[PDB]
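K.L.:
Before I ask anything, let me first share the structure, which is written out below as structure tokens.
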RNA sequence: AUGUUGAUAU
RNA sequence: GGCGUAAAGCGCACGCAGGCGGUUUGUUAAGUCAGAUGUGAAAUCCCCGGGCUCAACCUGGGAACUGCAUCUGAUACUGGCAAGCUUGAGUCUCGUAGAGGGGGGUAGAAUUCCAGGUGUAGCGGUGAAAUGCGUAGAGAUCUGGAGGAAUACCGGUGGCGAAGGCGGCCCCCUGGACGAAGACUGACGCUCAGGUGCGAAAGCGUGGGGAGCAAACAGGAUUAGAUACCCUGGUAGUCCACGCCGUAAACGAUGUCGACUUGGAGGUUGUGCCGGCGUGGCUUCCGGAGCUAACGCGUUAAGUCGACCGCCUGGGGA
Ligand SMILES: [K+]
Ligand SMILES: [Mg+2]
Ligand SMILES: [Mg+2]
Ligand SMILES: [Mg+2]
Ligand SMILES: [Mg+2]
Ligand SMILES: [Mg+2]
Ligand SMILES: [Mg+2]
Ligand SMILES: [Mg+2]
Ligand SMILES: [Mg+2]
Ligand SMILES: [Mg+2]
Ligand SMILES: [Mg+2]
Ligand SMILES: [Mg+2]
Ligand SMILES: [Mg+2]
Ligand SMILES: [Mg+2]
Ligand SMILES: [Mg+2]
Ligand SMILES: [Mg+2]
Ligand SMILES: [Mg+2]
Ligand SMILES: [Mg+2]
Ligand SMILES: [Mg+2]
Ligand SMILES: [Mg+2]
Ligand SMILES: [Mg+2]
Ligand SMILES: [Mg+2]
């Protein structure tokens with residue numbers, strides 16, 4: 001059964017990028033939208049939009065630069081079978097800081113940069129590079 | 001056999 | 001180029017839908033009678049910027065090479081190339097024409113040697129059969145290497161009818177970083193091609209249109 | 001399978017409505033009707049192993065719905081197992 | 001139809 | 001780190017414990033995170049110094065001791081509790097195809113045997129033979145009868161089933177799958193160590209049956225031999241009932257569930273709109289990206305991911 005919707009979102013992006021899809025559409029959720037913001041603000045995706053009430057559908061618009069897809073990699077890190085939580089001092093630098101780790105902190109979802117600045121650790125959702 | 005060949 | 005010319009010429013007609021390349025999905029308008037119709041609204045703009053860069057290469061004294069070995073589109077290609085004062089391959093492309101130019105260069109010199117021998121009257125010296133071999137040897141070298149005999153080196157761009165049929169030429173042109181301009185029909189793969197021109201590669205009327213235009217624009221480049 | 005009539009009788013008995021086919025009580029009641037009906041079949045047909053795999057699916061499904069109902073509403077569970085006459 | 005085998009090291 | 005072929009997917013399922021868990025709101029603060037305090041002996045290690053002629057060695061101060069506990073906050077995520085929701089899962093209605101299963105009955109073709117007619121010297125068998133059968137009348141041919149087993153054609157890289165498997169026709173009992181319209185329940189789910197069930201063929205037990213076939217066995221050949229292959233016979237067995245066994249190259253040598261990711265040509269089975277145009281299920285072949293040691297796999301993945309289980313760790317010994 002479906003037991004990790006985040007991994008499913010990351011996979012929809014990963015696959016959609018590989019397939020040169022313009023946009024990818026998943027079922028929405030608060031946490032998915034929260035991640036979509038971080039990917040938007042850091043400039044990995046172009047835009048997103050939720051649509052619907054009973055069954056909302058998130059819809060990420062994907063970026064390509066010089067032909068190539070912008071999301072080089074995108075890896076689930078914390079997963080249901082093994083949760084990863086890091087303290088502020090032990091937050092991961094993805095691709096020597098050129099990529100992001102999306103971190104759920106007590107003050108919401110954010111990059112590991114933003115979490116270092118805010119002085120928070122938390123659950124490491126994914127790496128992006 | 002032959003108490004041990006190819007000729 | 002005009003769009004009324006295209007739909008008159010039959011540039012819109014692709015292959016049967018079963019024979020399509022999925023990578024031509026952007027350029028395909030739809031399907032009529034289980035045959036893909038090429039979107040001419042894509043063709044015309046793409047062909048203009050194709051005709052633009054060919055003119056630009058022509059204006060820089062570039063050697064265009066007109067490749068098209070299909071039976072119908074053979075003599076079209078030679079007429080277009082010679083009218084433009086440019087080079088062509090209108091029969092079987094020799095594998096390694098460009099990538100192995102250093103070798104193929106030598107077979108040019110043979111074609112040059114045999115024709116200089118022919119007009120001198122060197123064939124009268126040898127004993128009939130020996131001359132008839134040389135006649136046949138000249139004939140085969142003319143068919144293969146006739147269009148590029150005076151080319152002198154590697155070309156500055158390829159113009160190609162049918163990107164599938166001439167996949168070897170394109171793969172060589174990619175290898176050497178020579179720009180490829182190519183007519184890419186619905187069955188064909190556009191990925192090697194540097195300037196895709198989505199159009200009917202089969203019909204002579206379509207072929208003459210494209211060739212006439214590139215002949216004109218490159219000739220206009222050589223003028224200015 | 002259970003007849004259209006016999007199905008509908010159970011829907012009316014156990015449902016909140018005549019159209020309440022989905023309810024846990026109706027589902028469990030329907031399974032119980034067919035499990036009980038098939039006891040006669042398997043008494044005769046002891047080596048009908050292929051059909052019995054269907055019976056044991058009903059038995060399993062019913063166990064899952066009763067374990068659902070019990071933790072959802074202990075009272076509704078206690079009423080249901082009394083009416084249908086189940087140990088648990 | 002049938003119709004075996006080829007000493008040791010190199 | 002692996003498990004199509006190198007070692008590795010349980011034969012297949014159901015399922016308890018366990019692991020994992022769609023979506024919305026509130027609440028809690030266990031996990032998690034933040035801060036503080038106490039503690040983490042000294043030595044050792046590390047850093048900057050000092051002292052023995054140097055060094056080893058000795059030694060000052062730090063850093064470190066990644067830990068533990070307590071208190072106080074944070075509340076995104078995970079967990080708990082409460083209330084929802086319908087998209088996962090399931091129920092109902094109508095229909096469809098099917099060698100799905102169990103039970104009972106029956107039909108026609110053929111083999112063998114039995115009885116009788118006609119008929120006469122061979123038949124049968126093989127590479128060639130011989131054993132064998134035959135004048136006590138075979139073989140062949142015709143009529144009648146008995147009995148068992150299996151269902152030609154249809155028949156199809158067709159269908160159904162969890163797997164093993166399932167094939168004449170008829171009826172009785174019965175399981176699943178699929179589709180179309182809604183309606184209904186409201187996460188009721190996925191996986192599953194141990195457990196339980198099913199599980200080809202051979203085999204075993206008890207009682208039946210026994211045409212054909214055929215381990216063993218016998219004879220005839222072949223051969224250097226021939227405990228074989230070939231031939232003539234032939235018993236268990238193969239068949240039925242009930243019970244047991246629990247294994248197979250039980251194979252796709254590919255665990256189950258879910259999501260996602262260019263195409264082409266079929267097969268089969270629904271269905272909608274009007275021969276065409278869609279839309280579901282299952283399935284065969286090719287092939288793209290990608291993957292792969294390669295072979296190949298390729299939307300039915302061996303691609304891209306998640307959950308849980310099983311299993312592997314050189315060859316042999318085993
Ligand atoms: K010997
Ligand atoms: Mg049912
Ligand atoms: Mg030998
Ligand atoms: Mg290994
Ligand atoms: Mg092996
Ligand atoms: Mg193996
Ligand atoms: Mg298996
Ligand atoms: Mg199960
Ligand atoms: Mg959850
Ligand atoms: Mg706490
Ligand atoms: Mg000193
Ligand atoms: Mg010290
Ligand atoms: Mg200490
Ligand atoms: Mg919660
Ligand atoms: Mg087990
Ligand atoms: Mg048996
Ligand atoms: Mg027996
Ligand atoms: Mg017996
Ligand atoms: Mg025999
Ligand atoms: Mg085994
Ligand atoms: Mg296996
Ligand atoms: Mg393939």
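All Cβ positions, even for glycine, are placed from backbone atoms using ideal geometry, and neighbour counts span all protein chains on display. What follows is calculated from the coordinates using simple rules that are stated; it is not laboratory data.
K.L.:
Taking into account only those residues within the stretch A:1-29 that are within 13 Å of residue A:59 (Cα to Cα) and within 14 Å of chain C (Cβ to nearest Cβ), which is surrounded by the fewest Cβ atoms within 10 Å (Cβ to Cβ)?
P.N.:
Step by step, filter the stretch A:1-29, then rank; the result is A:22.
K.L.:
In the stretch C:58-77, how many are surrounded by fewer than 20 Cβ atoms within 10 Å (Cβ to Cβ) and not in a loop (DSSP other than H, G, I, E, B)?
P.N.:
3
K.L.:
Now, a different point. Here are some residues: C:148, C:197, C:178. Which one is farther than 15 Å from residue C:86 by Cβ and more than 14 Å from chain A (Cβ to nearest Cβ)?
P.N.:
Step by step, each of C:148, C:197, C:178 is checked, and only C:197 is farther than 15 Å from residue C:86 by Cβ and more than 14 Å from chain A (Cβ to nearest Cβ).
K.L.:
Moving on to the next point. Return yes or no: is residue A:37 more than 16 Å from RNA strand E (Cβ to nearest atom) and within 14 Å of another protein chain (Cβ to nearest Cβ)?
P.N.:
Considered against the rule, which asks whether it is more than 16 Å from RNA strand E (Cβ to nearest atom) and within 14 Å of another protein chain (Cβ to nearest Cβ), residue A:37 comes out as no.
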